[PDB]
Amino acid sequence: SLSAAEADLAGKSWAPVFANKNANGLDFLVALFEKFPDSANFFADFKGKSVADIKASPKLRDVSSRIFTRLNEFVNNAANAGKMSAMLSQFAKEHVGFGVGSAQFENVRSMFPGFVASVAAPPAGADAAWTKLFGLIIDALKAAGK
């Protein structure tokens, strides 16, 4: 888990992004698909589609919102080893069954900070807090078989 200070930092950096959940969620998904083209292929709804098509899809909103809702939950419990364990296990188990591995999460992690910074400059120490959270997810995926 993160420390209370670290969770705090992550939370502070997230609030501005989450404040406009609909628009920022869509944006995050889009950026991922742009930086790492292969990711769209894991999605049922998106495999084969270009970014423009994805942008135009009525399915986009459902997908990005479920992603932000969940990430929000992670940020809000990151400092509780207790909730983290349950959250991480279940997220990792779910994702491996869809065929998603740690490598996909290494990509997310590499682009996250730049994504946040696109919304508002994060506070000092936030970037390391996220890389730390993302690191916990990665380990969970490697423990789940991928």
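Numbers for residues come from their place in the sequence shown, where the first is 1.
Student: Would you determine, from the values in the PDB entry, which of 45-53 and 27-35 has the greater average C-alpha temperature factor?
Tutor: On average, C-alpha B-factors are higher across 45-53.
Student: On average, are the C-alpha B-factors higher in 57-65 or in 117-125?
Tutor: Of 117-125 and 57-65, the stretch with the higher C-alpha B-factor average is 117-125.
Student: Among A81, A40, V100, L88, where is the Cα B factor highest in this entry?
Tutor: Of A81, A40, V100, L88, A81 has the highest C-alpha B-factor.
Student: Divide the modelled residues of the chain into thirds by Cα B-factor and specify which third, lowest, middle or highest, holds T131.
Tutor: Highest third, going by the recorded CA B-factors of the chain.
Student: Check where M111 lands among this chain's C-alpha B-factors and tell me if it's the lowest, middle or highest third.
Tutor: CA B-factor rank for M111: highest third.
Student: Sorting the chain's modelled residues by C-alpha B-factor, tell me whether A19 ends up in the lowest, middle or highest third.
Tutor: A19: CA B-factor falls in the highest third of its chain.
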